[PDB]
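Just the one chain here, the form deposited without the ligand, laid out as structure tokens.
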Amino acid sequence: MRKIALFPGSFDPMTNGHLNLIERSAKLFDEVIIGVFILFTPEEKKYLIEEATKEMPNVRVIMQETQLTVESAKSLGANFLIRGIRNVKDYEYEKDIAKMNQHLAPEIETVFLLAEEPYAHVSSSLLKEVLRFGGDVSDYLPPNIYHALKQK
């Protein structure tokens, strides 16, 4: 029986950090579902994220109208949530979310991987602020996502 992980996010944008963690968890799980919780209509973000993840066969992308993460995993048979931790702040934020999800769905297990060094300082909020003032963050974004994003 499959070990299935949901990797939830708003992926606004998907960064090479997300890709990195996705790549690594595809090795750890039978499958990984990227739940994009809904600049781009759902099926544009879906397009980009499938484009970006195309070379990984056990990885699928699903739009999810906003709801309880654990409800979305239950309805997909995902008994695992997979999250990254990049710093102390991230640790405590993720940890509160995991204790809450454990109360809500005790049979679902949150699993953590640490962010890799080139990406540990990268969050979409700082990315977006830098995108907004024109800075070159092209090293932090999958190329499809960078090219799609010039239409600003």
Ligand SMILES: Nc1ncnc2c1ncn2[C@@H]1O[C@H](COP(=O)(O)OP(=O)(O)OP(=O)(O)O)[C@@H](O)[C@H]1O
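A residue's number is simply how far along the shown sequence it sits, counting from 1. Only residues modelled in both forms are compared. In this text, the rigid core denotes the largest set of C-alpha atoms whose superposition between the two forms falls within 1.5 Å.
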### Task
Scan the PDB entry between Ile62 and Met63 and report the missing deposited residues as one of none, 1 to 3, 4 to 9, 10 or more.
none
### Task
Higher average CA B factor in the deposited record is what I'm after, so tell me if that's 104-112 or 123-131.
123-131
### Message
Please compare 54-62 with 84-92 and name the stretch with the higher mean C-alpha B-factor in the deposited structure.
### Response
54-62
#### Entry: Which of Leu68, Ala98, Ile49, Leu28 ranks first by CA B-factor in the deposited coordinates
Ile49
### Message
Is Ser138 in the lowest, middle or highest third of its chain when residues are ranked by C-alpha B-factor?
### Response
middle
## Note on the structure
Chain thirds by Cα B factor, record data; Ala5 belongs to the lowest
### Message
Among the modelled residues of this chain, does the Cα B factor of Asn144 put it in the lowest, middle or highest third?
### Response
highest
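Unshown form deposited with the ligand bound; subsequent notes refer to it.
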### Query
Is the gap between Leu141 and the ligand in the entry with it bound 4.5 Å or less for some heavy atom pair?
no
### Message
Can you tell me if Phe40 lies within 4.5 angstroms of the ligand in the entry with it bound, counting non-hydrogen atoms only?
### Response
no
### Query
Does the 4.5 Å heavy atom contact test between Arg60 and the ligand in the entry with it bound come out positive?
no
### Query
Does any heavy atom of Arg86 come within 4.5 Å of a heavy atom of the ligand in the entry with it bound?
yes
### Query
Can you pick the one in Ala26, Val122, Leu48, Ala105 that has a heavy atom within 4.5 Å of the ligand in the entry with it bound?
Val122
### Task
Just give me the residues of 88-122, first to last, that have a heavy atom within 4.5 Å of the ligand in the entry with it bound.
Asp90, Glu94, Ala115, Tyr119, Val122
### Message
Give the residue ranges, in sequence order, where three or more consecutive C-alphas each shift by 2 Å or more between the shown form and the other one after rigid core alignment.
### Response
39-41
